[PDB]
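Structure first, commentary second.
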Amino acid sequence: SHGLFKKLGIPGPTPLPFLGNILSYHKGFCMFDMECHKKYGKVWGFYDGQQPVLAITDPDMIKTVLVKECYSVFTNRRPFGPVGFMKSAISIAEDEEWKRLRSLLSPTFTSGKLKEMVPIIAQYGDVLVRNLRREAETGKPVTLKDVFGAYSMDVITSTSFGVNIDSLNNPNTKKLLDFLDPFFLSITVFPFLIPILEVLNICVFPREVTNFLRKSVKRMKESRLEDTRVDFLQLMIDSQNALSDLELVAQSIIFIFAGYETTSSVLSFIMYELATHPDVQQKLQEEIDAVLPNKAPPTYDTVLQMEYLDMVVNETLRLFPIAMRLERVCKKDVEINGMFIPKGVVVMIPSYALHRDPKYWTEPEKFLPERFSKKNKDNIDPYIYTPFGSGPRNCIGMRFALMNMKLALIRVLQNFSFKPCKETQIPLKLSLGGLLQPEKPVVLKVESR
Ligand code: HEM
Ligand SMILES: CC[C@H](C)C(=O)N[C@H](CC[C@H](Cc1ccccc1)NC(=O)OCc1cncs1)Cc1ccccc1
């Protein structure tokens with residue numbers, strides 16, 4: 001089993017019995033991945049316990065697996081762990097079930113819908129400003145994640161279900177999904193357990209989170225079913241009259257999670273950058289003022305007008321792609337771009353690493369929004385820079401997240417400035433676990449303008 005990459009003649013760190021190359025995750029697997037890239041070059045193999053994982057870095061090879069051979073050979077992400085009813089969630093579902101869930105849910109994020117979520121969020125901008133304006137008094141540090149997390153929550157519920165639960169006025173989901181903890185280490189390493197827990201009804205999500213979201217999303221549901229907008233919660237009612245009940249809740253939980261957790265983490269990273277780069281912060285405050293004269297209310301079209309904003313957002317995502325790695329399980333023997341990949345292998349694209357490769361980026365540790373200007377934008381390979389994945393299985397929420405973040409940014413910057421305080425971590429360190437987090441909360445002071 002551990003003979004695979006020696007047999008295919010693919011380079012790699014030497015696996016230990018049982019553990020595989022697991023111990024190398026000790027100092028976080030963005031580092032492991034960087035090390036590997038440097039040490040082995042363009043393609044390598046390692047073992048999550050007994051699982052062979054082939055890393056590929058060739059822009060062409062990546063396009064083939066992400067785009068060309070998706071439907072046929074590379075359709076599914078890793079077999080994750082013990083999901084429960086979340087088996088149905090779109091990001092977890094495989095093969096046919098996924099295709100069906102995809103075109104069922106993909107119309108959720110069209111122009112018209114998006115355009116129709118600009119006024120809905122437009123009330124949450126007004127409550128985010130107000131929250132911060134109150135927090136500008138004390139003049140002490142601040143936790144961006146906490147104030148930003150509640151914004152995300154509010155936007156997600158109100159659009160996807162059209163349910164205002166006014167989170168911004170009420171100070172589960174963060175307790176949802178540990179590497180050091182024997183847990184994922186006993187599964188990421190050891191998968192043979194999984195079918196057991198599926199009978200034990202044990203879940204990667206605590207029973208109490210999903211039970212809440214269960215009866216809660218069952219409640220946002222009831223209200224609709226009698227009283228007489230074509231939205232997310234509405235779209236899934238369409239299919240029920242070939243969708244089902246727990247399949248409806250499943251999609252909801254992923255969406256609530258995605259929209260809450262990622263949106264706020266990214267927004268924290270951007271603010272961190274704008275403080276630690278005030279010139280960039282000013283240039284943006286300028287653009288915002290140029291497009292929106294007089295602290296005016298952002299809009300769908302005025303949002304797309306802002307080039308430098310988009311450049312800022314893109315460059316944060318170069319440094320801090322919250323996914324680390326894209327993955328695709330190889331479901332039949334295959335030969336892509338002159339390389340043989342056997343059925344069963346997990347093909348891995350090390351996004352964080354390629355986003356930092358001395359090859360495609362000069363000065364790759366530095367935050368340089370300009371590397372994204374219309375002048376330079378075309379020298380950038382859509383297959384080295386993939387914060388949203390690519391091909392059919394790419395991020396369905398991309399356009400919502402970008403607009404939502406930007407709406408959060410426009411309004412916040414047309415009202416406030418951001419500066420490091422003494423409880424700001426300069427520079428920033430990543431925590432070692434799964435998705436990209438800062439090892440200490442991002443904390444910054446906030447002047448009124
Ligand atoms: C800045 C915030 C976000 C980032 C950086 C982001 C990034 C990604 C990435 C890299 C993937 C995998 C694509 C692939 O493997 O090719 C992904 C998948 C997905 N994302 Fe997004 N995402 C973000 C926000 C969202 C939002 C707001 C939603 C919807 C509410 C969303 C829903 C999904 C779903 C359902 C999948 C799995 C797609 C499928 O298999 O059909 N994520 N996300
Ligand atoms: C490598 C094994 C690891 C356990 C794994 O497969 N998970 C990651 C992380 C996936 C987690 C899974 C999850 C956590 C908590 C609740 C539900 C599911 N994140 C996830 O699917 O979030 C939805 C998102 C969409 N866009 C960004 S996050 C792979 C992945 C899937 C989808 C998008 C990006 C990366």
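Letters A, B, ... go to the chains of the structure tokens in the order shown; residues in each chain start at 1; ligands are counted from 1 in the same order.
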
Next on the checklist: Write out as a ChimeraX atom specification the set of residues from segment 105-197 of chain A that DSSP, computed on the backbone, places in helix (DSSP H, G or I).
Outcome noted: /A:105-109,111-115,118-135,144-160,167-169,182-185,191-197

Q: Residues up to 6 Å from ligand 2, counting only C-alpha atoms and all ligand atoms: could you list those as a ChimeraX atom specification?
A: /A:78,80,91,177,254,257-258,323,395

- Message: List the spatial neighbours of residue 212 of chain A as a VMD selection string - criterion: any atom at most 12 Å away, only C-alpha atoms, same-chain residues fewer than 4 positions off excluded.
- Response: chain A and resid 172 to 173 176 205 to 208 216 to 219 249 253

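Residues in contact with residue 345 of chain A at 9 Å, where only C-alpha atoms are counted and same-chain residues fewer than 6 positions away are skipped, are listed as residues 51, 52, 53, 54, 328, 329, 330 and 331 of chain A.
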
Within-6 Å residues of ligand 1, basis only C-alpha atoms and all ligand atoms, as a PyMOL selection string: chain A and resi 90-91+102+255+258-259+262-263+266+321-323+326+387-390+393-398+400-401

Quick one: residues within 12 Å of residue 185 of chain A, only C-alpha atoms, excluding same-chain residues fewer than 5 positions away - as a PyMOL selection string?
chain A and resi 18-23+25-26+48-49+81+178-180+190-191+193+433-434

Selected residues written out, N, CA and C atoms, as a PDB file, in the first residue's frame:
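Just written: part_3.pdb:
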ATOM      1  N   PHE A  18       1.272   2.551   9.464  1.00  0.00           N
ATOM      2  CA  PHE A  18       0.032   3.106  10.028  1.00  0.00           C
ATOM      3  C   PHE A  18      -0.116   4.602   9.876  1.00  0.00           C
ATOM      4  N   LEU A  19       0.796   5.379  10.454  1.00  0.00           N
ATOM      5  CA  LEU A  19       0.670   6.845  10.419  1.00  0.00           C
ATOM      6  C   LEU A  19       0.788   7.471   9.023  1.00  0.00           C
ATOM      7  N   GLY A  20       1.480   6.812   8.099  1.00  0.00           N
ATOM      8  CA  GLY A  20       1.728   7.423   6.788  1.00  0.00           C
ATOM      9  C   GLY A  20       2.709   8.568   6.947  1.00  0.00           C
ATOM     10  N   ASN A  21       2.378   9.734   6.420  1.00  0.00           N
ATOM     11  CA  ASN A  21       3.232  10.912   6.564  1.00  0.00           C
ATOM     12  C   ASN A  21       2.604  11.886   7.526  1.00  0.00           C
ATOM     13  N   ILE A  22       1.683  11.342   8.324  1.00  0.00           N
ATOM     14  CA  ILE A  22       0.866  12.111   9.233  1.00  0.00           C
ATOM     15  C   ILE A  22       1.686  13.028  10.148  1.00  0.00           C
ATOM     16  N   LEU A  23       2.717  12.510  10.811  1.00  0.00           N
ATOM     17  CA  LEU A  23       3.464  13.330  11.775  1.00  0.00           C
ATOM     18  C   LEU A  23       3.976  14.644  11.182  1.00  0.00           C
ATOM     19  N   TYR A  25       2.332  16.808   9.627  1.00  0.00           N
ATOM     20  CA  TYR A  25       1.308  17.821   9.834  1.00  0.00           C
ATOM     21  C   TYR A  25       1.531  18.567  11.139  1.00  0.00           C
ATOM     22  N   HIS A  26       2.502  18.098  11.929  1.00  0.00           N
ATOM     23  CA  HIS A  26       2.798  18.644  13.255  1.00  0.00           C
ATOM     24  C   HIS A  26       2.916  20.137  13.254  1.00  0.00           C
ATOM     25  N   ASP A  48      -1.984   9.927   3.803  1.00  0.00           N
ATOM     26  CA  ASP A  48      -2.748  10.234   5.007  1.00  0.00           C
ATOM     27  C   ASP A  48      -3.084   8.860   5.556  1.00  0.00           C
ATOM     28  N   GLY A  49      -2.259   8.391   6.493  1.00  0.00           N
ATOM     29  CA  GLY A  49      -2.368   7.044   7.042  1.00  0.00           C
ATOM     30  C   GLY A  49      -2.128   6.062   5.916  1.00  0.00           C
ATOM     31  N   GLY A  81     -15.295  12.206   6.765  1.00  0.00           N
ATOM     32  CA  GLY A  81     -15.485  11.327   7.904  1.00  0.00           C
ATOM     33  C   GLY A  81     -16.941  10.965   8.120  1.00  0.00           C
ATOM     34  N   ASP A 178     -10.677  18.873  15.602  1.00  0.00           N
ATOM     35  CA  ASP A 178      -9.370  19.311  16.073  1.00  0.00           C
ATOM     36  C   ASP A 178      -8.265  18.345  15.596  1.00  0.00           C
ATOM     37  N   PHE A 179      -7.231  18.907  14.968  1.00  0.00           N
ATOM     38  CA  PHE A 179      -6.067  18.151  14.489  1.00  0.00           C
ATOM     39  C   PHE A 179      -5.232  17.552  15.611  1.00  0.00           C
ATOM     40  N   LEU A 180      -4.890  18.373  16.611  1.00  0.00           N
ATOM     41  CA  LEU A 180      -4.236  17.912  17.852  1.00  0.00           C
ATOM     42  C   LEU A 180      -5.123  16.931  18.628  1.00  0.00           C
ATOM     43  N   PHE A 190      -7.084   7.432  10.239  1.00  0.00           N
ATOM     44  CA  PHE A 190      -7.755   6.126  10.270  1.00  0.00           C
ATOM     45  C   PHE A 190      -9.239   5.993   9.862  1.00  0.00           C
ATOM     46  N   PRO A 191      -9.473   5.650   8.581  1.00  0.00           N
ATOM     47  CA  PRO A 191     -10.771   5.775   7.933  1.00  0.00           C
ATOM     48  C   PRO A 191     -11.674   4.566   8.177  1.00  0.00           C
ATOM     49  N   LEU A 193     -12.560   3.280  10.622  1.00  0.00           N
ATOM     50  CA  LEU A 193     -13.471   3.477  11.738  1.00  0.00           C
ATOM     51  C   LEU A 193     -14.798   3.965  11.222  1.00  0.00           C
ATOM     52  N   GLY A 433      -4.501  23.882  12.360  1.00  0.00           N
ATOM     53  CA  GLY A 433      -5.618  23.007  11.975  1.00  0.00           C
ATOM     54  C   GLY A 433      -6.080  23.082  10.525  1.00  0.00           C
ATOM     55  N   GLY A 434      -7.317  22.657  10.284  1.00  0.00           N
ATOM     56  CA  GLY A 434      -7.849  22.481   8.929  1.00  0.00           C
ATOM     57  C   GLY A 434      -7.887  23.709   8.037  1.00  0.00           C
TER      58      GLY A 434
END

Nearest to residue 444 of chain A, restricted to only C-alpha atoms and choosing among A:86, A:235, A:242, A:421, comes out as A:421

Could you pull the residues within 10 Å of residue 82 of chain A, counting only C-alpha atoms, minus those fewer than 4 positions along the same chain, as number ranges by chain? A: 86-87, 187, 191, 193-205

Taking C-alpha atoms for each residue, export the selection above as an mmCIF file, in the first residue's frame.
data_model
loop_
_atom_site.group_PDB
_atom_site.id
_atom_site.type_symbol
_atom_site.label_atom_id
_atom_site.label_comp_id
_atom_site.auth_asym_id
_atom_site.auth_seq_id
_atom_site.Cartn_x
_atom_site.Cartn_y
_atom_site.Cartn_z
ATOM 1 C CA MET A 86 -25.166 15.508 6.003
ATOM 2 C CA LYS A 87 -24.348 12.822 3.473
ATOM 3 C CA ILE A 187 -9.831 9.392 11.248
ATOM 4 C CA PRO A 191 -10.771 5.775 7.933
ATOM 5 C CA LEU A 193 -13.471 3.477 11.738
ATOM 6 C CA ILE A 194 -15.934 5.611 9.762
ATOM 7 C CA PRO A 195 -18.664 2.991 8.956
ATOM 8 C CA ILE A 196 -18.719 2.180 12.738
ATOM 9 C CA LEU A 197 -19.539 5.711 13.840
ATOM 10 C CA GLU A 198 -22.238 5.813 11.100
ATOM 11 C CA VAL A 199 -23.978 3.131 13.207
ATOM 12 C CA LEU A 200 -22.969 4.880 16.450
ATOM 13 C CA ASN A 201 -24.762 7.980 15.137
ATOM 14 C CA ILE A 202 -21.627 9.904 16.220
ATOM 15 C CA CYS A 203 -21.015 13.033 14.081
ATOM 16 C CA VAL A 204 -18.208 15.539 13.180
ATOM 17 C CA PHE A 205 -20.906 18.081 14.152
#

| said: List the spatial neighbours of segment 113-118 of chain A as a ChimeraX atom specification - criterion: any atom at most 7 Å away, only C-alpha atoms, same-chain residues fewer than 2 positions off excluded. | reply: /A:108-111,120-122,159,299-300,400

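When atom CA of residue 296 of chain A is paired with atom CA of residue 408 of chain A, their separation reads 13.6 Å.
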
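The residue that comes closest to residue 174 of chain A, out of A:256, A:128, A:105, A:65 and on the basis of only C-alpha atoms, is A:256.
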
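From atom CA of residue 261 of chain A back to atom CA of residue 139 of chain A, the distance works out to 26.7 Å.
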
Pairwise distance, atom CA of residue 68 of chain A with atom CA of residue 100 of chain A, equals 19.5 Å
